[PDB]
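Residue numbers (the UniProt record's numbering), protein chains in the order written: chain A, 115 to 160, 164 to 227; chain B, 9 to 372, 375 to 400, 403 to 422, 427 to 440; chain C, 7 to 160, 164 to 257, 268 to 374, 379 to 395, 415 to 420, 425 to 426; chain D, 9 to 372, 375 to 400, 403 to 422, 427 to 440; chain E, 9 to 372, 375 to 400, 403 to 422, 427 to 440. Shown next, in C-alpha cells, is the structure this report addresses.
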Amino acid sequence: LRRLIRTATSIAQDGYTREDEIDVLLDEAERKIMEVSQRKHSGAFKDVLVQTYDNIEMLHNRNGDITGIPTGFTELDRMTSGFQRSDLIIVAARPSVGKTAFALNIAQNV
Amino acid sequence: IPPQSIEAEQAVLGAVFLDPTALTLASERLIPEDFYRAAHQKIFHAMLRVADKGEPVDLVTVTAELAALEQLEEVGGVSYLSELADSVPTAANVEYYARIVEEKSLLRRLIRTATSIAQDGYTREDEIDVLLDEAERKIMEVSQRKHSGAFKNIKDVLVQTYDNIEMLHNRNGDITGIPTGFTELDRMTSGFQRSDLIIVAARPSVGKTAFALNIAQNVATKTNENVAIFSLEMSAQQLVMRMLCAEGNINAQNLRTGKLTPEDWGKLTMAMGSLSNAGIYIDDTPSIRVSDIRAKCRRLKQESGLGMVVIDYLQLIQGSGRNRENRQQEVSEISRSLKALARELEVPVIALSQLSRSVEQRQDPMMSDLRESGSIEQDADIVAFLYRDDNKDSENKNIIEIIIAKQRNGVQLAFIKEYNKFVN
Amino acid sequence: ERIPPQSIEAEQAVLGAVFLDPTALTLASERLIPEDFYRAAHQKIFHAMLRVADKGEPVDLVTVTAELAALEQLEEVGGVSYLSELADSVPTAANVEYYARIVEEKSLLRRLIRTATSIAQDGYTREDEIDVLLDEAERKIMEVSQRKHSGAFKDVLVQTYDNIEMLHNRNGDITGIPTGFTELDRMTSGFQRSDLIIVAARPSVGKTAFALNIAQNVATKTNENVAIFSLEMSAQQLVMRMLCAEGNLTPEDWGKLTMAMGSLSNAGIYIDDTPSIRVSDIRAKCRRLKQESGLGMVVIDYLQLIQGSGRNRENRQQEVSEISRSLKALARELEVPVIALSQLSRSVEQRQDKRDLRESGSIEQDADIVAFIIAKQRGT
Amino acid sequence: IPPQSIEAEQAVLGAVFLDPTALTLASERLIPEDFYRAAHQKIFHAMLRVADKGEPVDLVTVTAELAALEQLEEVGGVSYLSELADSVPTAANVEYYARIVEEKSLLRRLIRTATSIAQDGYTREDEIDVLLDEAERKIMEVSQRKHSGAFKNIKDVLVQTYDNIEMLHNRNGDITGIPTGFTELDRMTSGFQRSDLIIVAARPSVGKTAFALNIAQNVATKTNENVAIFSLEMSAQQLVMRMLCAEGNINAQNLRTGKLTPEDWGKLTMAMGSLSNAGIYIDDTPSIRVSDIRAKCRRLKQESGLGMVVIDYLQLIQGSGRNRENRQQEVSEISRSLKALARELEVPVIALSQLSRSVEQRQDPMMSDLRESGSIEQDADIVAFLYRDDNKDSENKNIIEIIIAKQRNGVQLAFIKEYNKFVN
Amino acid sequence: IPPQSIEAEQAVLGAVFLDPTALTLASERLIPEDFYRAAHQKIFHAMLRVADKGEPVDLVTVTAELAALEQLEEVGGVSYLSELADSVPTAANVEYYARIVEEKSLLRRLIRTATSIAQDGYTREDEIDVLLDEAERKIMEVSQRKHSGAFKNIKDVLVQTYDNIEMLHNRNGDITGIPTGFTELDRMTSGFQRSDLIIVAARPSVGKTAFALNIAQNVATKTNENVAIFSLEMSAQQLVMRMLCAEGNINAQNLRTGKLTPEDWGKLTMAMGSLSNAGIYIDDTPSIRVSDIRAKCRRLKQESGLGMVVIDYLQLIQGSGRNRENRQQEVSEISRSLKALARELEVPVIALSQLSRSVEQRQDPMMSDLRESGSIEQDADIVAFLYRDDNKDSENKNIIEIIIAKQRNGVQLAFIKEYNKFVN
DNA sequence: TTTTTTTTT
DNA sequence: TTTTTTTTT
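This is how it looks when you write it as C-alpha cells:
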C-alpha cells in the first residue's frame with residue numbers, strides 16, 4: 115500500500131513536470147502501476166494428463182470442432198487445424214527465404 | 009495548474025472560423041470536454057453541433073447555436089468569437105494546435121486518475137487485490153484515449169496502387185521541365201521540374217558521382233539553363249576530367265596516363281569544345297555551410313541564369329547548428345533548408361544522398379534505408395535509388413537500374433566503365 | 007543596459023521575423039545558432055524555435071509559445087505578452103536576412119573580444135608555458151576568423170588547357186628545380202614553388218634515401234639552397250649518407276671521398292636534427308633563413324613525429340592534419356616547395372606477406392601532390 | 009603585474025661583468041627593450057654598445073658608456089653595477105637566465121598585443137574583415153620573436169664529419185684508462201676512461217648481460233682495478249656461473265647438467281683459479297635505490313679500491329622519486345645521479361640500457379631509440395649499441413657488431433654461444 | 009570505549025551454568041583476561057579452576073570457588089550468577105558468543121600495542137632501527153593470539169575413513185524412508201529420508217532433469233507418497249512428455265513427431281495408465297519465490313499428502329532478498345530456507361543444483379565445484395553429483413555414474433537415450 | 001550554480 | 001546529506 119501510493123504519486127507530480135512527453139508518460143505510467151502489482155497467474159475462467170489426452174486426440178484423428186483459420190497451406194492447416202485465437206505465433210528465419218513473403222502469404226489466403 | 013493551453017485552445021476555434029475544413033480535422037482529435045476553458049467547451053460543443061445539422065461551419069450559425077442555448081453572454085459574446093477568429097497562426101496547421109490541446113487534455117487525466125488512486129490508496133484499506141486490479145484497469149484506460157485507429161484499409165491502398173500504375177502507362181508526353189537526355193527517366197520525371205527538392209541515393213563505388221555529373225552534364229549541353237555542381241569530395245578539375253572523358257569517349261585512364269593518341273587528342277580536344285559553349289558552374293570547396301550554398305546559388309541566378317544544382321552528397325555538408333553527434337538532427341536542419349531552396353530559385357536542387365560505412369558493410375534499396383539518415387524523405391519531392399550488381405565475354409558494360417522510390421506527382429541506363437558515363 | 011557589443015533591436019527583429027512568416031526561421035537558421043543571441047530570453051526562444059523545428063511541427067506563435075511554456079521558461083522569458091510583442095513588431099519578412107546578418111556580426115565581435123581576453127588573462131596566469139601559449143594564442147585568434155578562400159591575387166577549362174599543354178609539349182617557361190631525375194623532372198618540369206609534396210612508402214625502400222637524394226641533386230647542381238629537417242637521425246648520418254652517395268678504407272675511397280666532400284662542402288644545404296618538432300619553429304627558422312641567405316627548398320623527414328599541436332587529443336588525422344595544413348600554409352608563405360616523407364605499414368604488409380592512397384590522412388587533409415606512384419597533382 | 013624577473017634580469021647583467029663571453033650569448037637571445045626595469049635597459053644598451061666599439065666588456069667601460077650618456081646616477085650608479093656583478097648564481101648558466109628574461113618579455117607582448125585587440129574590438133566597429141585580418145597578423149607576430157634560426161649549416165657539419173673521420177684514423181695509441189682486453193673497442197675507447205658515465209644499449213636475448221660481464225670480467229683479470237657488478241635480474245652465483253664458463257671454456261650446459269668430464273673438471277677447476285686472484289664485487293639485490301648504489305660503490309673505493317661499476321640494466325633500478333608512470337622522468341632522475349656518480353669515484357659507471365617490450369616487438375639501432383627512454387643520451391659521455399643478426405656449416409659462432417653512437421672525445429667482436437663469451 | 013561486549017560476555021558465563029559442555033568449548037577460545045568486565049574475569053577464572061579440580065561445572069561450586077577467594081560480594085554475588093544463567097540466548101551457540109568475546113578482546117590489543125608504539129615513537133628517538141624491529145615483532149604478536157591450531161591429525165581422519173568404509177559394507181538393509189526404485193542408490197540412501205535437504209548436482213546436457221523426474225517418477229508409481237515437481241525451465245506438459253516416454257518405453261521422437269505405431273499407441277496409451285493412478289504434482293511457473301514454494305508445498309501436505317519435492321535446479325529460483333549481483337549470498341538466503349523446508353513438511357526436498365556457463369566452459375566432479383555456488387554444501391544433508399562421459405557397436409546406451417559427495421549419516429545407473437530414462 | 005551545462009578545420 | 005546510498009519480468 116505504501117509503495118502503491120508512492121508510485122501513483124510519482125505519476126502525479128510527473129504529469130505536471132513533463133508537459134511534453136505525453137506518449138511517453140502514458141506508456142511508462144502504465145508501466146509503473148503494473149510494476150507494483152504482479153506475482154502469480156490469473157485469467158478469466160474459474164489434470165495435465167487430460168490436456169495430454171485432448172492433445173493426443175488432435176494428433177490422432179487430425180479432426181476438430183467449432184473453429185477456423187485456414188493457413189491456406191494444409192501442411193500448416195494440418196499441424197494446427199486453425200491458427201487458434203489468443204495464440205502468439207512466431208516464424209524465425211535468415212534473410213531471403215521469404216519471412217515477409219510468408220507473412221503476406223497467410224494473411225493473404227486468410 | 010493542470011496542463012492546459014488556452015493559447016493553443018483558442019487557436020483551434022479560430023481555425024474553424026477561418027475555414028470550415030478546420031472543424032472536420034479537429035473533431036478527429038478532440039471532444040468538447042477536452043478543452044480546458046469552459047467557454048471553449050460550449051463553443052466547440054456548439055460548433056460540431058451545427059456542423060452535424062448540415063449547417064456549414066461559420067461565425068453566424070454558432071452564434072446562433074450558442075444564443076439558442078442561452079450561452080452567448082456566457083462564453084463572452086461574439087466579441088470573443090471575433091477574437092477567436094483572430095487567435096490562430098494559420099489554419100493549415102490546425103491539426104497541431106488541436107493535438108497540443110489533446111495532450112494537455114490527456115495528461116490531465118493521467119494526473120486526475122492517478123491522484124484518485126492515492127486517495128483510495130488510503131481509504132479502502134479493506135480489500136487491496138481489488139484495489140490493484142482497478143489501478144491497472146484505470147491506468148490503461150488513460151492510454152486508450154488518443155483518438156487513434158488510423159488503419160489504411162486495403163481498398164484505399166489498391167485504388168491508389170492501380171491509379172499509380174495507370175499514370176504509369178499514361179505517362180506518354182511532352183516534357184515541361186528541364187530535359188534530362190535520359191528518355192527512360194525523362195519519361196518518368198516528365199522533366200526535372202522546378203521548385204523540386206530532388207534526391208537520388210545509393211551505395212559506394214562512386215556509382216552516384218558519375219550519374220549526377222552526367223545529368224548536370226547532359227543538362228548543360230542540351231538545355232540552355234545554367235547548372236551548378238557542388239562536389240565537396242571531388243575537386244574542380246577532377247570533376248571536369250570525368251565529364252571530358254564522358255563527352256569525348258576517351259579512356260580517361262589513357263588520359264590520366266597521358267597515353268593519348270592523335271585521334272584521342274581529338275576526342276579530347278573535342279569534348280572541351282562541347283562544354284566551352286556549355287554552362288557548368290562548379291564549387292569544390294572542402295565543406296561549406298548551407299548558408300553559403302544559398303549565397304552562391306541565389307547570386308548566380310541573378311547574375312547569369314540558374315537552372316540546376318547538383319550537390320555531391322549532402323552528408324558531407326557542414327551544419328552550422330549544434331555539434332557532437334546529432335546528425336539525425338543535423339541533416340534534418342540542412343536537408344530542410346535545401347527543400348526551402350528548391351523553392352526560392354525556382355529550380356531543382358538535385359542531391360545525391362550516398363554512403364560508405366553502413367551501405368558497404370551490408371554486403372551479401376528502399377525507403378527505410380535513407381530513413382535511417384532521417385527526414386530527408388519528407389522534404390524530398392523526389393527520391394531515387396541507384397541499384398547495380400557486380403559474363404567474361406566482351407562488349408564490356410554493366411546495366412544499372414534506377415529505382416525511384418518517391419515523387420509528388422508521379427527506369428534503366430547502361431553504364432560505361434571505360435569513360436565513366438551513362439547511355440540510354 | 008550593460009555595454010559590450012549587442013544589437014538587441016536586430017535580434018528582436020529576427021525573432022519577430024520567424025513569428026511573422028515561418029520561413030523566417032529556416033533562413034535565419036542558416037546563419038544563427040541559439041548561442042548567437044545576446045541574452046537569455048532570446049537565446050532560449052530562438053532555441054524553442056529551433057526545437058519545435060526538428061520535431062517536424064511548424065514553428066509559429068503557438069508551437070513556440072507552447073514549447074517555451076513546455077520547457078518551463080515561459081514566465082521568465084517574458085511571458086506571452088513580450089512574445090506577442092516581438093511578433094507584432096516586424097511588419098514583413100524578406101529583409102530578415104539582413105538583421106540576421108547583423109546579429110551574427112555582433113556575435114562575432116563579442117566572441118572576438120572574448121577570445122582575445124582569454125589570452126590576456128592567460129598571459130599572466132601561465133608564466134611557464136611561453137612556447138605553448140604563443141602557439142595556442144595563434145590558434146585561438148585563428149579559430150574566430152575562418153570561413154572562405156583568400157590568397158594574394160585579384164575558366165577551369167583554361168586551367169585544363171594550360172594543363173594539357175604541359176602534358177603535351179613536355180616544355181616550360183621561366184622557372185626551375187631539377188629533381189635530378191628526369192623521370193620526375195619530366196612529370197613536373199620543376200618542383201613548383203609553394204607546392205606541398207609528399208612521398209609515402211613502407212619501411213626500407215629508402216624514404217629518407219630519396220629525401221636526401223632530391224635535396225642532394227638540388228643543392229649540388231642548382232644555386233637553390235635546400236634545408237632538411239631530420240627527426241630520427243643526427244646531422245652526421247645524413248651528411249655521411251650524402252657524401253656516401255656523392256662518392257659512390269682504400270685509396271680509391273680516399274680520393275672519391277675527398278671529391279665528394281669538396282663538391283658537397285661548396286654545396287649549400289642546411290639541416291636541423293631535433294628530437295620532436297613544431298611546425299611553427301620550422302617556419303620560425305625558415306623565414307629568418309630565407310631572409311638571411313635566401314633559399315629555394317625544404318625537405319622534411321617524416322612528420323608523424325612533428326607533435327606540435329599542443330593539447331594532444333587527436334588520431335592520426337587531426338594533429339597530422341593541423342600539421343599538413345600548417346605545412347602547405349608554410350610553403351605558400353615562403354614561396355618554395357615543401358617535400359615531406361611519411362609511412363605506411365600494416366596495409367602493405369598485410370597484402371605483400373599473404374601474397379594505399381587512402382592510408383595517408385595527411386594527404387587527405389590538404390596536399391596538392393602525393394607520390395608513391416603519383417596520385418595527386420594540382425601517372426607513373 | 010606584467011611578466012618580469014628582476015631576479016633573473018639582474019642576474020644576466022651580473023653574468024656579463026663576471027665574464028665577457030656572457031654578453032655574446034646574451035645578445036643572442038635578448039635586446040635592451042626586453043629587460044623590464046628601465047635601469048637594466050640602459051645598462052644592457054650601454055653594454056652591447058661598448059662591445060661593438062671593440063672595447064671589451066667590463067665594469068669600467070660601461071660605467072663610461074653610461075656616464076657618457078648622462079645615465080649613471082640614473083641607473084643607480086656603479087654601486088648597483090657592483091651589485092650586478094654580485095646578482096648571478098654562476099655565469100655558466102647565463103643562457104637560461106637570459107631565456108627566462110626573454111620569455112617574461114615575450115608574454116608581455118602576447119598580453120599587450122592582445123589587450124590592444126580588445127580595445128579595438130570595441131572601437132573600430134566599422135570594418136571588421138580588416139579587424140580580423142590584422143588580429144591574425146598581429147598574433148602571429150608575437151610568435152616570430154624568439155630569436156630562433158639556429159640552422160646548422162652543412163659546411164659546419166662536414167668539417168665536423170671529416171674531423172671525426174681523421175681522429176678515427178689517427179686513433180692509433182697507448183691506452184690511458186682501464187684497458188678492456190678488446191683491441192677493437194679498446195682502439196676506439198682508448199681505455200674506458202674515469203669520470204665517464206658509460207652506457208651501452210640493445211635489444212633482448214640477453215646479448216648484453218654477457219658483454220658487460222665479459223668486460224668487467226676481462227677487466228678484473230688483467231687490470232688491477234677492482235670491479236663492481238649490479239645484476240639486479242641476475243643472481244650472485246648465477247653470474248659467476250656465466251663467467252666461470254667464459255674464462256675456462258666450459259660448455260656450461262655440460263656444467264649446469266653436471267655432465268662434466270675430467271678435463272672439464274679441470275677447465276672448471278681452472279676458471280675459478282683465475283678469479284680467485286681476481287677482484288670482482290657483485291650485488292644481485294632485487295632492486296635497489298640509487299641512494300644505496302652510492303653507499304656501496306663509495307664505501308668500497310675507500311675500503312679496497314674502486315675502478316669499474318657495471319650495473320646490469322638501469323631500467324630495473326628503483327626510483328625513490330614520485331611514482332605511478334613518469335618513468336620518462338624517473339629514469340631522468342636516476343640516470344642523472346649515475347652521471348653524478350661517474351664523477352665522485354673517478355671511475356667509469358658502465359651501464360647497459362637494455363630492453364624487452366618495445367625492442368622485441370619491433371621485429372622484422376640508433377639514438378632515437380634510447381631517446382624514447384629519455385635524457386640518458388645527455389648525461390652519457392659514451393653510448394654504445396650492440397647489433398647482431400640471427403650457414404648450417406659448423407665452426408659455430410656469430411659475429412656481433414658494436415655500433416657506438418656517441419662519445420665526448422672520440427668495433428667488432430665474434431660471439432661464443434657454447435661458453436657465452438666474447439672473442440677478438 | 010575499548011572494544012568489549014558485556015552482552016556477549018555475560019552471555020558466555022550463563023552458557024556455562026546452562027550446561028557444563030559450554031565451559032569446555034569456551035576455554036578453547038578465551039582466557040580470563042580476555043573478558044572485559046573484571047567481574048567476568050574472576051568468574052571465568054573461578055570456573056575453569058573448579059573444572060580442573062574435577063569438580064563439575066555448576067552454580068554452587070563456583071559460588072564456592074569464588075567465595076573461597078573472598079570474591080563474591082565482589083563480582084556481585086550469586087544474584088548475578090543467577091542473572092548470568094539468564095543472559096544467554098541458547099548455549100548451543102556458545103561458541104560464537106565466546107568468539108565475539110575473543111575478537112573484542114583481540115582488537116583491544118591491536119589498539120593497546122599500537123598506541124604504545126606511538127608513545128615510544130616520540131620517546132626513544134635515540135635508536136630507531138631497534139624501534140622498527142620491535143614494532144614489527146609486536147604487531148605480529150597481536151595476530152598470533154587467536155587460539156588457532158586446529159590440525160586434523162591423520163589418525164582421526166583414518167579412523168573416520170575406515171569407519172566410513174565399514175558402514176559402506178554394513179549397509180545391507182531394509183529401507184525406512186521413501187523407496188527409490190534404484191537399488192544401488194537405494195542401498196546407499198537407505199531410502200530418501202524425511203526432513204533431509206537433498207541436493208544433487210552436475211553439468212549441462214540436461215542429464216539431471218531426467219534423473220530427478222525419473223526419481224519423483226519411480227517414486228510416484230511405487231511409493232504411495234505424493235510428489236511435487238518444480239521444473240521452472242520445463243513446462244507442465246513438456247515434463248509429462250518426458251515421463252510418458254519413460255514409463256511406456258516410447259521413442260518420444262517417434263512421438264513428438266506423431267510418428268506413432270499401433271503398438272506405440274499402446275505403450276503411449278499405456279504409460280498414461282500408470283500415472284493416472286499416480287500422484288504427481290507439477291508447477292512450471294516461470295520463476296517463483298521461496299515464499300511461494302512454501303505456500304504450495306505446505307498447503308498440499310495438508311490437503312492430499314506430501315512426500316517428495318523435486319525442484320528443477322535452484323539457481324533459477326527468484327530471491328526476494330536484495331538485488332544486483334550477490335548471488336553467492338542470494339542462493340545463500342534461499343537454499344537456506346529449503347533446508348528450513350525439509351524440516352517443516354517432514355519430507356525430502358530433493359533439489360538439482362545444475363549448470364550451464366562455468367561447467368560447460370570447463371571442457372577438456376567434487377565439493378569445491380558447488381562451493382563456488384556457495385554454502386549449499388552446509389545446509390544440504392545430502393549432496394550428489396552426476397558424472398557421465400561421452403563404441404560404434406549397437407545395443408545403444410551409456411553408463412552414468414553417481415558420485416554422492418556427502419550425507420549426514422551415510427552407485428551406478430545405465431542411461432537410456434531413446435526414452436530418456438534410467439535403468440538399474 | 002535565489003527553476004540553470006555561453007568555444008576547440 | 002546536525003554518525004547516512006527507501007523502486008525499474
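Don't be surprised by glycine CBs; every beta carbon is placed ideally from N, CA and C.
Out of the options, state which residue places its alpha-carbon closest to the alpha-carbon of residue i.
i              : options                       : result
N234 (chain D) : D:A143, D:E78, D:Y289         : D:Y289
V248 (chain E) : E:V167, E:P356, E:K437, E:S13 : E:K437
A236 (chain D) : D:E135, D:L221, D:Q245        : D:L221
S239 (chain D) : D:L193, D:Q362, D:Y397, D:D94 : D:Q362
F200 (chain E) : E:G327, E:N421, E:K404, E:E63 : E:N421
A394 (chain D) : D:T123, D:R211, D:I186, D:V24 : D:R211
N285 (chain B) : C:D164, C:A143, C:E63         : C:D164
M148 (chain A) : B:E144, B:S35, B:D137, B:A106 : B:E144
Excluding the 5 residues flanking residue i on each side, which residues of the same chain have their C-beta closer than 8 angstroms to its C-beta?
i              : result
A47 (chain E)  : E82, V83, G84, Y88
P294 (chain E) : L240
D272 (chain D) : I258, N259, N262, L263
First and last residue of the beta strand (DSSP E) that includes residue i?
i              : result
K437 (chain D) : 437-439
Starting from residue i and walking both ways along the alpha helix (DSSP H), at which residues does that stretch end?
i              : result
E413 (chain E) : That residue, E413 (chain E), is in no alpha helix (DSSP H); its beta strand (DSSP E) goes 410-419.
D128 (chain C) : 103-131
From the DSSP secondary-structure annotation, give me the bridge partner or partners of residue i.
i              : result
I386 (chain E) : According to DSSP, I386 (chain E) bridges with nothing at all.
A19 (chain D)  : Partner(s): none; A19 (chain D) has no beta bridge.
So, for residue i: in the same chain, excluding its five sequence neighbours on each side, which residues have a beta-carbon less than 7 angstroms away from its beta-carbon?
i              : result
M377 (chain E) : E387, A417
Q18 (chain C)  : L92, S95
Between the stretch 121-130 of chain C and the stretch 118-128 of chain D, are three or more C-beta pairs nearer than 8 angstroms? yes
Can we say the stretch 224-232 of chain B touches the stretch 182-193 of chain B, given the rule of at least three CB pairs closer than 8 angstroms? The stretch 224-232 of chain B vs the stretch 182-193 of chain B: in contact.
At least three beta-carbon pairs within less than 8 angstroms, the stretch 173-183 of chain B to the stretch 152-161 of chain B: no
Say whether the stretch 9-24 of chain B touches the stretch 51-64 of chain B, bearing in mind that this needs 3 or more beta-carbon pairs closer than 8 angstroms, one atom from each stretch. yes
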